[PDB]
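So the structure is just underneath, and the comments pick up after that.
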Amino acid sequence: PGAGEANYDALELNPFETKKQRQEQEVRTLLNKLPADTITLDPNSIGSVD
Amino acid sequence: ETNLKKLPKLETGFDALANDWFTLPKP
Amino acid sequence: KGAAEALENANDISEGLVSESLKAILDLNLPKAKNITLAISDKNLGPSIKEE
Amino acid sequence: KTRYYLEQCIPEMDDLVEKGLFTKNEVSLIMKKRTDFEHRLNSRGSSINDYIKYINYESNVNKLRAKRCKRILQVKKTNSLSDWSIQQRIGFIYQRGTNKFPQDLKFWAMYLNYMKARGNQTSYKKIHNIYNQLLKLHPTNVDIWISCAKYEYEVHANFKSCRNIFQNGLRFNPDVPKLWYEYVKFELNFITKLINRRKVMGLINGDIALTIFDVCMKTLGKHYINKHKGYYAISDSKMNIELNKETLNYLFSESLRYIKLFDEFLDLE
Amino acid sequence: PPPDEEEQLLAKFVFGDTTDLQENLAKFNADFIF
Amino acid sequence: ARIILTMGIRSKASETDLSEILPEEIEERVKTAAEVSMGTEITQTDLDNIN
Amino acid sequence: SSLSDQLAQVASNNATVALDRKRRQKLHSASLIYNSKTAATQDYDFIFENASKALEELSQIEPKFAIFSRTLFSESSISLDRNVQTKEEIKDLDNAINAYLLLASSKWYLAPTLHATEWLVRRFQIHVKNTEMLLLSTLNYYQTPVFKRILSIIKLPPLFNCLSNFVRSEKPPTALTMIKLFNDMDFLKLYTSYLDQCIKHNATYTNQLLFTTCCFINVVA
Amino acid sequence: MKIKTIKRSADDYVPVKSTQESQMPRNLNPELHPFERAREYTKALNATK
Amino acid sequence: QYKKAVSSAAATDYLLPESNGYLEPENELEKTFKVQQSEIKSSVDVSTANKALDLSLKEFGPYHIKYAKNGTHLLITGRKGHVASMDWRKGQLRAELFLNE
Amino acid sequence: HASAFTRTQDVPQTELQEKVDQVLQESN
RNA sequence: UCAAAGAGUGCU
């Protein structure tokens, strides 16, 4: 008891994802691919003003 | 007052309602 | 109401005339109101509507 | 946009939990049933029974809140969003269902009755707005013209506008004999109450119907000639006689029906 | 004070309680139905 | 043919009862067809021989 | 055991879970009144409404049907799912279903029984879980169209493999194929228990006995 | 003793109707949606293109 | 707007349909470590008992288990080289690899 | 907005109306 | 049958 998360966000991941949306999710996440050089020690640091 | 009750009330039903030709033969 | 009304209105629509049915339906809908604007396919029907 | 509807209700459950009426567990159950309906109503193949089911389910939630208010808070009304929100939202669902399915006269009927019962909460102007759309969508249904005429001659007793509703209805439906009968019946009702008031006035100190009779024959005859003849006139001289006879037979039964109306009114001569 | 039967009946409908059904199950005996 | 005996003209079709002739679902079709019908009016001189 | 064999047991255990849209279509499409397309469109509430009326007609013919209105054909049964119930409750649910099949034993010729059973098929999926009890009870309604509809929507158990020919078939099962079913030793004693239940309950009726008598008499020949 | 486990109602998440829209559960827990700052930027850059 | 935005986040926290599990003892004598796994198998419903999976196979032991993010599909790889991809809920194997590496 | 309740025509459109208001005018 | 891939139809 308590091992898993109580509630899951549909947009991020869905156990009930049908065959056609998992493709819809796949292409979108490709479109939203994060560059390798975007990696940082803190996600909040990125985008500051120099 | 008794007469006023005898007078008719307009009756309405909505409240009651509330409660192929072109195909040739194959040889 | 029936077949007869459609023909006599069909006669009236063609001659750019306003039937009692057209006068009846329009009155309940278009506000008295600056001037309310109504779209009609017929230019000839326009003057008839304006008169009424 | 199901989430938008779900989010509009958040302040209310928070109010339910804050007041202590409903536990977070019970509140979650109400939410889950609410969520299923909203997706149902917004989806494809949605029907009116979905609106009725949601309205019936939501009505029950209001009753439990009222019972729990006296049981737990021991208050008739707690001054917070909870009191008027379930009642407000039900009207919203009626608007959507009536908007979504204008055809069903049955669904419109509960909407008028539901708002009529909560007379204090819903102004008579809101009942007016519902009728104006309803008469506008279904102008040829006599029952609705007599509907709003009956509502306000009894609840509001405005004979001038009650005359107006019939005055409009007869314009669209001059061939239905039922509508003429009610507008005559209303007319003699107005006269009798006026005369009875005059009698009461003395104690503390009609032709107009017959005119409605006159034209009522003429147009009913005209329309009955228009029907049974179809698009065109009848060439044979004999049939035109039966056409006249049929109107006379149809017309007399219309007149005889009114002779029975006169008997009901004792005061009138 | 404990709720009245009328209040109890309304409680089951709103909360969707299925216990009442469950003992009515757990108390069936096939002999009685036949 | 039995329909023509009961109703001579489409105007009669609207009120004439076809229960003994046709089932409920069919008999209403002819009534609806009658008012949206296509044929022209026929004389009683004509109607007599058709009967 | 092979992983595929172990995996097959998992599928059988979760046959009714309805993980996705595609499985739910197969479960809900199964129907005894309507075709697959119309069946998918129908609602539990709509199905329950017809079933409740059907049970009342059955109640008039025999009062004992009225008991299930309190248990199986209740309004709360709409919200009852078996997948969410525990072991004790499922055993508790199954027996109540079994008695209903027994009381319906002499009445499938009556149309309302077919409507009433639809709720159990749609809500409780008796065709998937209580597949033996449903099919044992309808053995002597074989030539009736109802039995053919049962075969289409039902996965035949191992003991009824001989009927796999007539599933979704124009011709109904012949009388000769039956002897083969009862000729099987494992079936007779399976059939013995069900008959043993009816005699205890006095639920046996003529058409059960007369169908029952011939086949065993035929197995001898 | 008292046990409760994460329990999914199949009817809630998989509609009985073929035409009814499946429920999309949503949780705005910030941890469940990582890389805000990289994400919005990528949606920004795609928009300019 | 942040105090408004977090308020909206607090608003959606109510929307979340279900909660996590618990396991606390009724009696202080009862201990969460004392409870044995079979007893929990009894408490959980039938579907959860099916959701629990146990398969014994020794051909390519040991086997490393990996779990998909969405979690529909299990990937288990044997030490001697056997890997099978399958969905535990559905009960269908996606692909079978018998490579002896 | 146009409503069946209040007359926006300002004159009697139907022959009924020309007649009824005459009685209303004649009465008082 | 499942299972992966296309191409049209209805409708929010």
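What follows is calculated from the coordinates using simple rules that are stated; it is not laboratory data. Don't worry about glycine lacking a Cβ; one is built from the backbone with ideal geometry, like all the others, and counts go over all protein chains shown.
Going by the alpha-carbon gyration tensor, a ≥ b ≥ c the square roots of its eigenvalues, is chain C rounded (a/c under 1.5) or, if a/c is not under 1.5, prolate (a/b greater than b/c) versus oblate?
The shape class here is oblate.
In terms of Cα to Cα distance under 20 Å, which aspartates and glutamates are near enough to I:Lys90, apart from those fewer than 8 places away along the same chain?
A:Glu17, G:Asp5, G:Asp20, G:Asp81, H:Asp11, H:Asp12, I:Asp45, I:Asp54
Hand me the GluC sites (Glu not before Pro) from the stretch G:116-214 located in a DSSP loop with no more than 12 other Cβ atoms within 10 Å, in residue order please.
Listed in order of number, the matching sites are G:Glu170.
May I have the pair-distance distribution P(r) for the stretch D:64-177, computed from all Cα-Cα distances with 5 Å bins from 0 and rounded to whole percent?
2, 10, 18, 18, 16, 12, 9, 6, 4, 3, 1, 0
Taking the Cα atoms only, what angle lies between the long axis of helix I:2-15 and the longest principal axis of chain I, rounded to 10 degrees?
60 degrees
When a footprinting reagent is the concern and you count Cβ atoms within 10 Å, what order do G:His115, D:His128 take, fewest first?
Arranged by neighbour count, lowest to highest, G:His115, D:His128 become D:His128, G:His115.
Excluding same-chain pairs closer than 8 in sequence, count the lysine pairs in chain C whose Cα atoms lie under 20 Å apart. Kindly include the intermediate steps, with their values, before the conclusion.
Details: C:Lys1/C:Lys23; C:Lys23/C:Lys32; C:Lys23/C:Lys43; C:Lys23/C:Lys50; C:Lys32/C:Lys50; C:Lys34/C:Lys50.
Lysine pairs meeting the criterion: 6.
Counting only Cα atoms, I'd like the Rg/Rh figure for the stretch D:130-174, Kirkwood definition for Rh. Write out the running numbers ahead of the final one.
Values: Rg = 9.8 Å, Rh = 10.3 Å.
The Rg/Rh ratio comes out at 0.95.
List the trypsin sites (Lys or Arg not before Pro) within the stretch I:1-43 that fall in a DSSP loop (any state other than H, G, I, E or B) and whose Cβ has at most 12 other Cβ atoms within 10 Å.
Values: sites: I:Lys3, I:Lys4, I:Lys31, I:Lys34, I:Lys41; in loops: I:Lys31, I:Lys34.
Taking the stretch I:1-43 and a limit of 12 other Cβ atoms within 10 Å, the loop trypsin sites (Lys or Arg not before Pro) found are I:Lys31, I:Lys34.
If r is the Cβ-Cβ distance from C:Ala33 to E:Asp20 and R0 is 60 Å, what FRET efficiency results, to the nearest 0.05?
Given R0 = 60 Å and the Cβ-Cβ separation, E is 0.45.
Let me know the longest stretch in chain G that avoids all trypsin sites (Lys or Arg not before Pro) found in a DSSP loop with at most 15 other C-beta atoms within 10 Å.
Working: sites that count: G:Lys155, G:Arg168.
Free of exposed loop sites, the longest segment is G:1-154.
Once you sort the root eigenvalues of the Cα gyration tensor of the stretch G:43-98 as a ≥ b ≥ c, which label holds: rounded (a/c under 1.5), prolate (a/b larger than b/c) or oblate (the other case)?
oblate
Roughly how far apart, in whole Å, are the Cα centres of the stretch D:54-97 and the stretch C:1-24?
Spelled out, the Cα-based centre of one part sits 50 Å from the other.
Can you tell me the orientation of helix H:36-48 relative to chain H, as the angle in degrees between its alpha-carbon axis and the longest Cα principal axis, to the nearest 10?
That helix lies at roughly 60 degrees to the long axis.
Give the shape of chain I as rounded, prolate or oblate, defined through the alpha-carbon gyration tensor: a ≥ b ≥ c are the square roots of its eigenvalues, a/c under 1.5 means rounded, and otherwise the shape is prolate if a/b is larger than b/c and oblate if not. Provide the component values of the computation, followed by the final result.
On the way: a/c = 2.75, a/b = 1.45, b/c = 1.90.
Oblate is the answer for chain I, as a/c is 1.5 or above yet b/c matches or exceeds a/b.
Any chance you could give the angle, 0 to 90 degrees and rounded to 10, that helix A:19-31 forms with the longest Cα principal axis of chain A?
It works out to around 0 degrees.
What does the charge dipole of the stretch D:224-269 about its Cα centre add up to, to the nearest 20 debye, if the Cβ of each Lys and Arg holds +1 and the Cβ of each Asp and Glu holds -1?
With only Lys, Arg, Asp and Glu charged at Cβ, the dipole is about 400 debye.
How long, wide and thick is chain H, going by the Cα atoms along their three principal axes, in whole angstroms, largest first?
Cα extents, longest axis first: 53, 39, 9 Å.
How big is the C-alpha Rg of chain A next to the rule-of-thumb value 2.2 N^0.38 Å, as a ratio?
Cα-based Rg divided by the globular estimate yields 1.63.
Please report Rg (one decimal) and Dmax (integer) in Å for the Cα set of the stretch G:106-201.
Calculated on Cα positions, Rg and Dmax stand at 13.3, 37 Å.
Computed FRET efficiency, Cβ-Cβ of J:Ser27 and D:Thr140, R0 30 Å: what is it to the nearest 0.05?
0.40
If the reach is capped at under 19 angstrom between alpha carbons, list the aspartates and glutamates near B:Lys6, excluding any in the same chain fewer than eight residues apart.
Within reach: D:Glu154, D:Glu182, D:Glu187, D:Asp263, D:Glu264, D:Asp267, D:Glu269.
So what is Rg over Rh here for the stretch D:107-265, counting just Cα atoms and using Kirkwood for Rh?
1.07
Hey, which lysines would be in cross-link range of G:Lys180, C-alpha to C-alpha under 20 Å, not counting anything within fewer than 8 residues on its own chain?
Candidates past the 8-residue exclusion: G:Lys148, G:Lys155, G:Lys171, G:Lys189.
Strictly over 32 Å apart at the Cα level, which of D:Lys33/D:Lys126; D:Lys1/D:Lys136; A:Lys19/E:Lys12; D:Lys1/D:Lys116; D:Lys1/G:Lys53 would you flag in this model?
Correct reply: A:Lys19/E:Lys12; D:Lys1/G:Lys53.
Across the stretch D:194-264, how many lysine pairs, 8 or more apart or on two chains, come within less than 30 Å at their alpha-carbon atoms?
Summing the qualifying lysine pairs gives 15.
Spin-label point model (7 Å from Cα, Cβ direction): what's the G:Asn35 to A:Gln21 distance in nm?
Label-label distance for G:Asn35 and A:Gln21, simple model: 3.0 nm.
Could you tell me the center-to-center distance, by alpha carbons, between the stretch I:65-101 and chain A in angstrom?
That distance is 23 Å.
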